[PDB]
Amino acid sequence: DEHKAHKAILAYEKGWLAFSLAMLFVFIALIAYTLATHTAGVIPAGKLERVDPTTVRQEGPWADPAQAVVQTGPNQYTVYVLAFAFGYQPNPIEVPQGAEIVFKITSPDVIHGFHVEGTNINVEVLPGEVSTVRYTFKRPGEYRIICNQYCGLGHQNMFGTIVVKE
């Protein structure tokens, strides 16, 4: 009775522990795949790149939003975005479709979110560090940027815009 039941539950448990592990490892392979393809550009370069949040709006690349979009390759743009309480500059960010966008994002005050609705760009912005992420917009139009990290009482209204030109 019991001794029978206990052997059988145990025999099947092992089956299931082996099946589960396989499932997990399959997911590990499937994630590794994503890592080797252009869609992985949304992972931050995990390079430290320190800056001074107190001067970032008065000297260097974030201090002139109208010049923040710079061609840096035959088909590449780099964009120096500022996330701050409670907005982003440039507004809008204007980029061409089909080009590679390197977004270099920092904050002059507190941590913000940079999440481009419709895309996989979803990155934390920490004052004193630059966040570097890559994306190619495959479709023209307007994407909205949402702040997904509580930044204070303006949080709910911190929005920005990216315009991807045809």
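Note that residue numbering follows the sequence shown and begins at 1.
Participant: On mean Cα temperature factor in this entry, is 6 to 14 or 142 to 150 the higher one?
Facilitator: The entry gives the higher C-alpha B-factor average to 6 to 14.
Participant: Which is higher in the entry, the mean Cα B factor of 35 to 43 or that of 106 to 114?
Facilitator: Per the PDB record, 35 to 43.
Participant: If you rank every modelled residue in this chain by C-alpha B factor, which third holds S131: lowest, middle or highest?
Facilitator: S131: CA B-factor falls in the lowest third of its chain.
Participant: Splitting the chain's C-alpha B-factors into thirds, which one does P53 fall into?
Facilitator: It falls in the top third of the chain.
Participant: Can you work out whether the C-alpha temperature factor of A68 puts it in the lowest, middle or highest third of the chain?
Facilitator: For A68, whose C-alpha B-factor we compare with every modelled residue in the chain, the answer is the middle third.
Participant: Going by the CA temperature factor in the PDB record, which third of the chain does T119 belong to: lowest, middle or highest?
Facilitator: For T119, whose C-alpha B-factor we compare with every modelled residue in the chain, the answer is the lowest third.
Participant: Tell me, lowest, middle or highest third: where does the Cα B factor of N75 rank within its chain?
Facilitator: Highest third, going by the recorded CA B-factors of the chain.
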